[PDB]
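Worksheet: one structure, shown below.
Taken together, the values in this text are just the output of simple stated rules run on the coordinates, not laboratory data. So basically every Cβ, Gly included, is an ideal-geometry build from the backbone, and we count neighbours across all protein chains shown.
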Amino acid sequence: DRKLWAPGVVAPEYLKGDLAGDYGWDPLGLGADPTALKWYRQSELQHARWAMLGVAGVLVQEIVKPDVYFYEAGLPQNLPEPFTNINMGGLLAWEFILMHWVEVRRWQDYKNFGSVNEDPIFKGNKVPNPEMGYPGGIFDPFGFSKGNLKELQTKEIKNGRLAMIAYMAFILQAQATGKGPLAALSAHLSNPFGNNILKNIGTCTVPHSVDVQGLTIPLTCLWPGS
Amino acid sequence: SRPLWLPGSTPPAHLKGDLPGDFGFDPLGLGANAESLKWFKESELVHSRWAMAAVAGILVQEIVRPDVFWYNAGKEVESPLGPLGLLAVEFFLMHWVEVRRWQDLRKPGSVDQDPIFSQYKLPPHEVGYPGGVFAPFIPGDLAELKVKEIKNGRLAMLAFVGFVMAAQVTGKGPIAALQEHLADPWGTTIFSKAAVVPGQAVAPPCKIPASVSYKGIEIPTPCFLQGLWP
Amino acid sequence: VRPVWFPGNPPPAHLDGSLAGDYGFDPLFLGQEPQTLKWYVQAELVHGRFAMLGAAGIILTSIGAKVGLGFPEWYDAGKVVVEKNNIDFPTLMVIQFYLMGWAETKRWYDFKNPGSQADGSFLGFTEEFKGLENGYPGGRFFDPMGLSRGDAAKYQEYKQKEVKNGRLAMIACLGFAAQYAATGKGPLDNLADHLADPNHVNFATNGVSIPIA
Ligand code: CLA
Ligand code: CLA
Ligand code: CLA
Ligand code: CLA
Ligand SMILES: CC(/C=C/C=C(C)/C=C/[C@@]12O[C@]1(C)C[C@@H](O)CC2(C)C)=C\C=C\C=C(C)\C=C\C=C(C)\C=C\[C@@]12O[C@]1(C)C[C@@H](O)CC2(C)C
Ligand SMILES: CC(=C/C=C/C(C)=C/C=C/C=C(C)/C=C/C=C(\C)C=C=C1C(C)(C)C[C@H](O)C[C@@]1(C)O)/C=C/[C@@]12O[C@]1(C)C[C@@H](O)CC2(C)C
Ligand SMILES: CC1=C[C@H](O)CC(C)(C)[C@H]1/C=C/C(C)=C/C=C/C(C)=C/C=C/C=C(C)/C=C/C=C(C)/C=C/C1=C(C)C[C@H](O)CC1(C)C
């Protein structure tokens, strides 16, 4: 648990280093209930893993093509060649049902741990689920677990938190200047005194609405000022 | 340890796997009362049987008469026996059978015997499950068929509302809507036809007129819940 | 130990936690007597019942408007159904007062005598108008689904949920009148006006709510 978030801070009582990435933190009291702390642990794992996917998508799609921009990459005009100008309703239907399966299976792993491990169609092999939020079994096709799980668990949480801050960076260094993360890094390395946080905060390059095949999306920045 | 509607869940205390089709699904607590659960079991059986007969009717009526449309099939049938003579015969012939079934529900050990052919009496059956003469040559296990009837019946209850909400949105019978979904799956869903965003709501247009003529006096056809649609 | 409307202040003595939706909100001590409180529980319930019916009425008939149907607004639906349908108006009012004077005086003499209204003096109904408790009549007519019997803890949950939805439907019905006396248009037109521009189309820019515009 040691080496806390600040040098002179006493850790809370419910943060004795059982969970990984535990730094005596929560200066807003949110983890003080245990049933709330397990759910907030699950949501930190969810935001961490989806944020790692977000970072490794945004800074790889401009590696493979630095023309399609990741902000408007959700527009049907910017989809690739076998999916260009697809009906987004059918795509949203695919995603809605295929995620309402998976997420409700994970949710019932939260609500009753151990009751959701079997393949329900093929009543055979289970998933060996050692602790909540870490199913494994078929989610470890390479078997990097069954070793020091605490070590890799701390590694996952630290890279995940860094990727959460990185992805909420990637959006805000794209709302202010309308430029991708490696492209904003190159814009900083061009002139590192007029292409910084100064004279870029205060403008919002996001348009107010974009017609996606008939729908207008409200499209807000996270600060005021266009 | 029976299978459930949601596998990790716990079924409610009033649902103990006794009845067929009991998969622990009653989240609103409607089957808590024991007296009311009998009425609800009877109405699930009757809704399910009418829905199975209706789904088979709409499908067979489409595969033998593709010209005429089942939502309009009560308008163009052109029977020789008049419009109201059909409704009078149906009224008396159904007000008989339904009061017989209702009196079976109220007092089960009351209504078995044929009143005009007194040598014929129905055997002491279970409520909702008459048998005897309604059921000749029953194949295999009666509890297994009693589960299969409720499963196919729940599927057909969902299928009839599927037929109605297809035929009010595309205006076509439920193979032609299936031919829409097989000719272009990505653009013939309900999420393709409709979406509501905070700032505008794109509902699908109606394919049912607000009235039909039908021999003088006109029948309003409410497009179910138009406006409340997505 | 129970949640209160104003944290910190203790709940008053006449208001221990046994009613549905109790949060200790009586600063004016109006229900200090047990029988006047017994009457105001009934009053809060039936105001909540009519306000839930009314709020669902306004919201459904305003989803009917603005989408394209022929429904009017809720402030215009009084005129359009006595003029589109040839309905003489004071007879509709007197039929409403007859039917609801019957249904209300039955309840008004259930409050004055709880075991009454059940002796078959009506058309042969004995247990159906028995009344389970204050503001929760039950029986075969007022609970045909039978949710007041079975699991009692879920019935207490439904009691508190009824009181919660009834409170915010009373607030909504107090708000529809203020949205109409301030703006002058439909409530779900006011919602889409607040959604098309979240700023500047709120109450503080209506010119009426704050006079210091
Ligand atoms: C939404 C993301 C999220 C969630 C749910 C959590 C949840 C948790 N974190 Mg965690 N964390 C996150 C992001 C998140 N973290 C990020 C991005 C960092 C890097 C700064 C950290 C760094 C961190 C440390 C160092 C530690 C934790 C710990 C904890 C646990 C106890 C604290 C608690 O109860 O908070 C519950 C949290 C919530 C209910 C979410 C509230 C969010 C508020 C409402 C909004 C945030 C304000 C603002 C918008 C943030 C700006 C971000 C932007 C500038 C990038 C809990 C499991 C402690 C732990 O592991 O103990 C076991 C611990 O020691 N976290
Ligand atoms: C109206 C027809 C109807 C009726 C009366 C019942 C009655 C019953 N069902 Mg059943 N069921 C139905 C249709 C019906 N079902 C359908 C269509 C499905 C498929 C989804 C199921 C699936 C199902 C399962 C999986 C289980 C039951 C069970 C039960 C029993 C206990 C639950 C209860 O109290 O229900 C009382 C219910 C009612 C009185 C219906 C109230 C209707 C309200 C007022 C409106 C509902 C609106 C609805 C959401 C609209 C859907 C629109 C569209 C999606 C179709 C009870 C005998 C359990 C059982 O068999 O245990 C014995 C059980 O495990 N049902
Ligand atoms: C596939 C659905 C299905 C299943 C499995 C059952 C099963 C059962 N029913 Mg049931 N029933 C159904 C549909 C079904 N029924 C429908 C739709 C109705 C309304 C007409 C009824 C009316 C009904 C009554 C009134 C009675 C039963 C009884 C029974 C039980 C014994 C009879 C038997 O062996 O049936 C076995 C059923 C089958 C093997 C299904 C064969 C289906 C064939 C292939 C024809 C289907 C297509 C056909 C063209 C449809 C048109 C026919 C008709 C509508 C004109 C058993 C539990 C009796 C009972 O409970 O006894 C105690 C009883 O008295 N049911
Ligand atoms: C959502 C609000 C709500 C809730 C949670 C309840 C809950 C309760 N009511 Mg109550 N009630 C309400 C609204 C509500 N009521 C309204 C608006 C009225 C006036 C019409 C009444 C009139 C009333 C009476 C007269 C009695 C009850 C009784 C009960 C209890 C048992 C019945 C039950 O569980 O209902 C469960 C409720 C639901 C599952 C929610 C309703 C389901 C759908 C979604 C509502 C949709 C509304 C629809 C759009 C418009 C329909 C209008 C209708 C007139 C046709 C329980 C405490 C009985 C009781 O306490 O017995 C002792 C009793 O005697 N209530
Ligand atoms: C999930 C997430 C992002 C996931 C993003 C994804 C999948 C992005 C996908 C895409 O980009 C690609 C790949 C390519 C694009 O073309 C398409 C899209 C679709 C756009 C970010 C979470 C980001 C989440 C973040 C940053 C959370 C930050 C929270 C903080 C810092 C709060 C801390 C505290 O609350 C605690 C924890 C405890 C309290 O006691 C103290 C305080 C301080 C209050
Ligand atoms: C988490 C997140 C998700 C965004 C999802 C979106 C936008 C989905 C759009 C999803 C768009 C979708 C589904 C579009 C669907 C279009 C469809 C169906 C097109 C169509 C139609 C209709 C409907 C007209 C109907 C007609 O008859 C047929 C047809 C074909 O013509 C975003 C978060 C943020 O945006 C905030 C909240 C704040 C920002 O500042 C920061 C970030 C973090 C970026
Ligand atoms: C009584 C008895 C007795 C004796 O003993 C013997 C005998 C005689 C044999 C018997 C009889 C019986 C019977 C009659 C039966 C019947 C049944 C049925 C009908 C079923 C159905 C059943 C049915 C069912 C399930 C159904 C299902 C359906 C479905 C899913 C559908 C779907 C769909 C839809 C939505 C729409 C779209 O667009 C398309 C589709 C895709 C098309």
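Looking only at residues that are free of Cβ contacts under 8 Å to residues at least 24 places away in the same chain, part of a loop (DSSP other than H, G, I, E, B) and within 11 Å of another protein chain (Cβ to nearest Cβ) in the stretch A:205-218, which one is nearest to B:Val202 (Cα to Cα)? Break it down into steps so the answer makes sense when it comes.
At the first step, the residues of the stretch A:205-218 found to be free of Cβ contacts under 8 Å to residues at least 24 places away in the same chain are A:207-209, A:211, A:214-218.
When the remaining residues are screened for being part of a loop (DSSP other than H, G, I, E, B), the result is A:207-209, A:214, A:217-218.
In the following step, the residues that additionally are within 11 Å of another protein chain (Cβ to nearest Cβ) were identified as A:208-209, A:214, A:217-218.
On the way: A:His208: 20, A:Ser209: 16, A:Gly214: 9, A:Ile217: 13, A:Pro218: 16 Å.
Within the stretch A:205-218, the match that is nearest to B:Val202 (Cα to Cα) is A:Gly214.
Of note, A:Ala169 does not satisfy the criterion of being crowded, with 16+ Cβ neighbours inside 10 Å and of a type in the set (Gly, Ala, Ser). Output the residue which, of all residues in the stretch C:133-161 that are in a helix (DSSP H, G or I) and hydroxyl-bearing (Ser, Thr, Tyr), is farthest from C:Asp22 (Cα to Cα). Taking the candidates together, the pick is C:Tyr155.
Could you please find all residues in the stretch C:65-98 being closer than 27 Å to B:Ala203 by Cα, of a type outside the set (D, E, K, R) and without any contact (Cβ under 8 Å) to a residue 12 or more places away in the chain? Correct list: C:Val67, C:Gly68, C:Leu69, C:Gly70, C:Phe71, C:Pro72, C:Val80, C:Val81.
Selection of the stretch B:57-73 for residues being surrounded by 12 or more Cβ atoms within 10 Å (Cβ to Cβ) and out of contact with any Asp or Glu (no Cβ under 7 Å at 6 or more places or on another chain) yields B:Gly57, B:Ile58, B:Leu59, B:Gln61, B:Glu62, B:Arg65, B:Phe69, B:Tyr71, B:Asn72, B:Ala73. Within the stretch A:164-186, which residues are of a type in the set (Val, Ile, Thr) and assigned to a loop (DSSP other than H, G, I, E, B)? If the condition is that a residue be of a type in the set (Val, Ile, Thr) and assigned to a loop (DSSP other than H, G, I, E, B), then A:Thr177 is the only one that fits.
Taking the stated definitions as given, is C:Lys130 away from ligand 7 (no atom under 16 Å from the Cβ), touching a residue at least 40 places away in the same chain (Cβ under 8 Å) and either out of contact with any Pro (no Cβ under 8 Å at 6 or more places or on another chain) or assigned to a loop (DSSP other than H, G, I, E, B) (or both)?
Numbers: away from ligand 7 (no atom under 16 Å from the Cβ): yes; touching a residue at least 40 places away in the same chain (Cβ under 8 Å): no; either out of contact with any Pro (no Cβ under 8 Å at 6 or more places or on another chain) or assigned to a loop (DSSP other than H, G, I, E, B) (or both): yes.
For C:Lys130, the condition - away from ligand 7 (no atom under 16 Å from the Cβ), touching a residue at least 40 places away in the same chain (Cβ under 8 Å) and either out of contact with any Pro (no Cβ under 8 Å at 6 or more places or on another chain) or assigned to a loop (DSSP other than H, G, I, E, B) (or both) - is not met.
Within the stretch B:180-230, the set of residues being away from chain A (no Cβ under 12 Å), among the β-branched types (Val, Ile, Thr), over 19 Å from C:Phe71 (Cα atoms) and surrounded by 13 or more Cβ atoms within 10 Å (Cβ to Cβ) comprises B:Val212 only. Only residues that are in a helix (DSSP H, G or I) and either away from every other protein chain (no Cβ under 11 Å) or farther than 16 Å from B:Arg154 by Cβ (or both) were counted across the stretch B:24-48, and they come to 14.
When C:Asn85 is tested against (1) more than 19 Å from the chain's Cα centre (by Cα); (2) part of a loop (DSSP other than H, G, I, E, B); (3) closer than 29 Å to C:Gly139 by Cα, only condition (3) is not met.
Could you please let me know if B:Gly21 is more than 16 Å from ligand 5 (Cβ to nearest atom), assigned to a loop (DSSP other than H, G, I, E, B), touching a residue at least 40 places away in the same chain (Cβ under 8 Å) and on the phi > 0 side of the Ramachandran plot?
Details: more than 16 Å from ligand 5 (Cβ to nearest atom): yes; assigned to a loop (DSSP other than H, G, I, E, B): yes; touching a residue at least 40 places away in the same chain (Cβ under 8 Å): yes; on the phi > 0 side of the Ramachandran plot: yes.
Yes; evaluated as a whole, the condition is true for this residue.
One residue stands out in the stretch B:167-179 among those that are in contact with a helix residue (DSSP H, G or I) (Cβ under 6 Å, 6 or more places away or on another chain) and outside any helix (DSSP H, G or I): the one that is farthest from the other protein chains (Cβ to nearest Cβ), namely B:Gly173.
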